[PDB]
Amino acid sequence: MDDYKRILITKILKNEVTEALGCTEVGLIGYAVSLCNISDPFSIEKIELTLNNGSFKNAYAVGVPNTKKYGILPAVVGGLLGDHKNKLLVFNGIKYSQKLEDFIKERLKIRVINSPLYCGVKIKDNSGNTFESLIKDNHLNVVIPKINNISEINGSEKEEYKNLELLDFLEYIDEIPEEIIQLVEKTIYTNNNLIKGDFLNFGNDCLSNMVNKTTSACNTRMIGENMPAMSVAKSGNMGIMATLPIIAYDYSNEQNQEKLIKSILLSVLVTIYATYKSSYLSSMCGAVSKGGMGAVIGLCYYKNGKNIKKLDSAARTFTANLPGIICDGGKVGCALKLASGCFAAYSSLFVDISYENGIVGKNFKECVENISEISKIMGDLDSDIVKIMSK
């Protein structure tokens, strides 16, 4: 309808919807290690990787791409075996060497700190030369190798998007640009390609299929497969949680192409909105919360159409069900949490919760605001989580 709204929404959709190969933390580690640019990885005497609590937590037991392994050492080995030009896709075209893994295991000294995103590599060789590199802050800004390159959008556009209402999103999915239609279809393609086998199929009903497909894709992403995931705000698990429940609901129901496209577009819009509103860092599972808000809004739009009260009731029930949940790092178990998210969405399509019930917001906007504020209230827990995992 309005022109500026369509332009802003299109630009932000083109900005936030990317292709992420596995977890951004292991990619970060490999990219920093390749930014050190070691000429001979077998001439290394000591490697000193420094991470913050969140990075160490997320990368402790997540699958490293093209290594068939888990942990931070495979990411460091892949960075040694990678090229900086691939940036976050550092693990492309590599040939994993178990010999180099055994070589670096004796020399990789990892040290954790309490701070925002921090990734500092300091490598020494046999000759004595030292090579340092550092990536800092939430935006992936390299401060030592100085290699200009992620996914930046100025604050004015973010503030203008935060001031949009759900009716703007409902009117956008009726006037979808063709480029955005292809982007949504590419999203569906990328996230559906992540379905590899059965992980949690306990029936043939709709919720069973939703849980099964979502957990299968999450397990595929967590075991270190060389397959990208269509991520919103560089969080692939959030994109999985936002898309696959709707994909499996549509697969179990009408099998409508345009309808699934519109529902997933609305889900991505809602997920981007919830990510913007949750401005502060948090140890709460942002994937489950945000991607599930997007998924439940998309499922409610699929079930009831452009019904405002239905969407508000779905948001209220989702806020009542599963708000506040730990983010104990990238793991194979993360899939389970997303499974719960599926539940949290499905059960919200059949129950209405009054606004008085606890932290439930008055409508969708207040639900998102309350979830974001609670995420802010939970505060920094990554220090205690990393202290737990060290035992």
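One rule holds for the numbers: they count along the sequence shown, beginning at 1.
Per the record, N149 and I150 are separated by 1 to 3 deposited residues that have no coordinates. Two stretches are in play, 280-288 and 264-272, and the higher mean C-alpha B-factor belongs to 280-288. On average the C-alpha atoms of 93-101 have higher B-factors than those of the other stretch, with 179-187 and 93-101 being the two compared. The PDB entry assigns its highest CA temperature factor, among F131, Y118, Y249, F318, to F131. Annotation for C300, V211, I153, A75: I153 ranks highest, by Cα B-factor. In this PDB entry, the Cα temperature factor of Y161 sits in the middle third of its chain's modelled residues. The entry lists a Cα temperature factor for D198 that places it in the lowest third of the chain's modelled residues. Annotation for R111: C-alpha temperature factor in the middle third relative to the rest of the modelled chain, per the entry. When the modelled residues of the chain are ordered by their C-alpha B factor, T18 lands in the lowest third. Per-chain ranking of the deposited C-alpha B factor places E356 in the highest third.
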